[PDB]
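First comes the structure, then the notes that go with it.
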Amino acid sequence: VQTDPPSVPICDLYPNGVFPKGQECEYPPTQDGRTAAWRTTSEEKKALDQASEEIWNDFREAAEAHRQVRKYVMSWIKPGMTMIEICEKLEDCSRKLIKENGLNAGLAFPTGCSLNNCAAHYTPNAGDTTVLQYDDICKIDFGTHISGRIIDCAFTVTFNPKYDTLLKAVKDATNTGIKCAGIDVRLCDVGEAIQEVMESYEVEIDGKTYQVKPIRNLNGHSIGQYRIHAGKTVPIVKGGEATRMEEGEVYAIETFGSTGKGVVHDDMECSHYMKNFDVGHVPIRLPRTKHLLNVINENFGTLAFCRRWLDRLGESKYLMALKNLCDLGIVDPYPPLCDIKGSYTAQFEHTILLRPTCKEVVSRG
Ligand SMILES: O=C1CCc2cc(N3CC[C@](O)(C(=O)NCc4cc(F)cc(Cl)c4)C3=O)ccc2N1
Ligand SMILES: [Mn+2]
Ligand SMILES: [Mn+2]
């Protein structure tokens, strides 16, 4: 049985090594109208699904850890806490439930806790005194993995009911994206459907009215092994690419709603970094730079990391070494992504498996 607060690894809760499936859906019908039900009973589709069973089992173990962490977070996240306090309490729980073991199991990327106008990629660095406020809109976005099978799942936290319709708009747009997704579906069609649903909402916040805008330069994405962004884009506005989703792919279906411009730009101090997946072996003689790259290669590989995690590993005076890795193109910085000052942004996200037999919303219980 899981403790209160959670501390027992998901691995210990399932002695047989079989982790719970997420929500399973039949794929959407074709434009002509023929159903995709045939996939469930097809012997060919079953064998193929069975061929990838260990992979789905890893995503499910990571998803069960993600669900237990987020239910724990919802129970205590309150204004007055520092953003550092929130991230450390969440990560401590995630490390325990995932049974962190180097590159074999762990945290897939830093805990985003972006506030208000900032939509993504904010996590505090050491010394950040930011405190969560009653009127804040906080996007908790964190990831877990087993053998690099990543669960990318996020939700928005508020305390003031004035944002309730804004959150409902974004939740409905995310559920629309999940519903529209499937093998052979055009990525632009998903984007147009998401936008249609999000833009049907009007909200009133402190006497000002807004039509909920999707953040046009943010999007959902394909997921690869140890690769958070695998190359395919799931837009959240019309005008996108008519490229299609394929069998066996994994996607993060995420949407962002804004009362601002519906466009984000890099802002604030950078906390998130990640090795460029396409960069091969680069010999480094510069000793501090060489050491930091070895620390990154050992602890994170191609998974995203943050400055707090380098501090936790006992690294110090590494900022110039980190800038060098960025200048060399080995590491890429991912600074906070913000809409205009005074705007409010919300996000909801789930991970889906485009299995040969069905569509599994693996991060949804
Ligand atoms: O064109 C773009 C550029 C910005 C962008 C951002 C995103 N977001 C926003 C939050 C997100 O869900 C997440 O959890 N990110 C963790 C993460 C940490 C890193 F250090 C590096 C990377 Cl790649 C990802 C995600 O994927 C999604 C699409 C786009 N499209
Ligand atoms: Mn995310
Ligand atoms: Mn994502």
On the formula 1/(1 + (r/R0)^6), with r taken between the Cβ atoms of residue 18 and residue 208 and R0 of 51 Å, the FRET efficiency rounded to 0.05 is 0.50
On each of the three principal axes the extent of the alpha-carbon atoms of region 262-341, given in whole Å and largest first, is 43, 28, 19
A chain fully extended from residue 317 to residue 266 at 0.36 nm per residue, minus the present Cα-Cα distance, gains in nm 15.9 nm
Quick calc, the chain, dipole around Cα centre from Cβ unit charges on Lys, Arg (+) and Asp, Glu (-), nearest 20 debye, gives 480
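How big is the charge dipole of region 262-341 about its Cα centre, in debye rounded to the nearest 20, if each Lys and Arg gets +1 on its Cβ and each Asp and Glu gets -1 on its Cβ?
Taking the Cα centre of region 262-341 as origin, the dipole is about 400 debye.
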Rounded to the nearest Å, the spacing of the alpha-carbon centers of region 94-167 and region 25-58 is 32
Going residue by residue through region 238-255, the Karplus relation 6.51 cos²θ - 1.76 cosθ + 1.60 with θ = phi - 60° gives ³J(HN,Hα) values, rounded to whole Hz and with x marking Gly or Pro, of 6, x, x, 8, 7, 3, 10, 7, 10, 4, x, 6, 10, 10, 9, 9, 9, 9
Going from the fewest other Cβ atoms within 10 Å to the most, one would list 251, 72, 27 as 72, 27, 251
Here, trypsin sites (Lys or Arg not before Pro) of region 241-315 satisfying both criteria (DSSP loop; at most 15 other Cβ within 10 Å) are 261, 285
Summing +1 per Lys or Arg and -1 per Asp or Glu among the other residues with Cβ less than 11 Å from residue 206's Cβ gives 0
Expected sort for 11, 153 with the fewest Cβ neighbours (10 Å cutoff) up front is 11, 153
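Starting from the Cα-Cα distance between residue 164 and residue 364, subtract it from 0.36 nm times their residue separation and give me the gain in nm to one decimal.
Taking 0.36 nm per residue and subtracting the Cα distance, the gain is 69.9 nm.
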Per the rule of 0.36 nm per residue minus the C-alpha distance, extending residue 40 to residue 243 adds in nm 70.6 nm
For the chain, whose charge dipole is built from +1 on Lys and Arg Cβ atoms and -1 on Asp and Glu Cβ atoms, the candidate among 231, 155, 6 with its Cα farthest towards the positive end is 6
Output ordering of 86-96, 291-301 (per-residue mean of other Cβ within 10 Å, highest first) is 86-96, 291-301
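With ideal geometry, Cβ positions are generated from the backbone for all residues, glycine too; neighbour counts draw on all protein chains shown. The numbers here are math on the coordinates, done by the rules we state, and not lab data.
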